[PDB]
C-alpha cells in the first residue's frame, strides 16, 4: 500500500479542495471525513455539540495516556485563481491555506495508526476542527470536553517556503498572540481630539502595534467631538502581552490629557501565542529521523493560530510541514506539493508512537 495509499490521500485532498466550505459551514466536509474514517473502521466519537468537525479515536492494546492530533477543516471567502483541474467548484470560496491538505494528511495518519495499534502505548484522539480561520473552532472543541483526559496535543501547518520532506521544529513561541484594542478620544478652544489622535498614532504605532482603523468626524466645517481608533497587538512572550496594554493606555491617557481631552482604552483578547513544549522537542526530531525526513529550526510567524488555545490548557507541539509552495497563505494562487501528504501522514503516525512511549 504505497502508491495506492498515496493516491487515496491525494483524492481526499482534492475532493475537499474542490468542494471547500467556510468556518462553521463545513457540513459536507464533516460528512466526507466521517465516511472516510468509518471505511477503515476507525471509531468516531459522538460529540453532538459539534455540528461540524469530527472527533475520532484509535486505542492501543495497552491502557495508557491519551494524546491528540489536530487538523483544521475550514476554507476561505476568496476566489480561486490556480486554474487547477480540481480547483474549487464553489466560486468565491477556496482552500487557500492548505486545510484540505492538513485534513487529508491526518486522515492518512489515522489510517496508518489503525494498522499499528499494538505499537500504541495508549490512545490517539483525532480532532478535525472547524472554524480555525475565525479563531472560534478550538474554543468550541475545548468546551465540548474533547480534551478531557488528554496529556498532549500535536498539530501542523503547511509551510510553502519549506521543501517537501522537511519539518519545521522549535520549542517555545512559534506564532504571535493576537489581540484587539480600541481607543476613543473625547473632550470633557472647545476641544482638539484630532491633534490628540495624531500624536497617539505616532506614539503607539518587542510587540508590534498595528493600527488598522481611524475614524473622526463627518464634515469639513464641523469640529468633531470624538476620535476613535482600533487595531491589533502582536507579541511572542506572555509577559509582553500582559505589559503592552497598560503601556498603550499610559501613552494614550497622557497625550490626551495634554490636549484637554480624555482617552478610553478597550482591550479585547483574541489569541494567545502558539507556545511549543520542550518535552516533545526530542520526539519531534526523532520522528523525522526515523523516516529519513529532515528538520530545520522553525522560523516564527506573525499570524495567529487557534491551536494556541489548546496549549493554554495542556502541553503541545505545533510544527511547520514543508510543502514547496509558490504563494503565501491566503493568496488566490496558493499551491502545495502533494508529495507532502506522504511526509505528513507518516510523520504524525511515527510521532504518536514515539510520544506515547515516553509520555
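Positions refer to the first chain, counted from 1.
According to the record, the deposited sequence contains 4 to 9 residues between residue 188 and residue 189 that were left without coordinates. Going from residue 242 to residue 243, the model skips none of the deposited residues; the chain is continuous there. As recorded in the PDB entry, 207 shows the highest C-alpha B-factor of the residues 214, 176, 196, 207. Ranked by C-alpha B-factor against the other modelled residues of its chain, residue 26 falls in the lowest third.
Compared with the other modelled residues of the chain, the Cα B-factor recorded for residue 252 ranks in the lowest third. Residue-level temperature factors show residue 230 in the highest third of its chain, judged at the C-alpha atom. When the CA B factors of the chain's modelled residues are split into thirds, the value for residue 140 lands in the lowest one.
Among the modelled residues of its chain, residue 293 has a C-alpha B-factor that falls in the lowest third, as given in the PDB entry.
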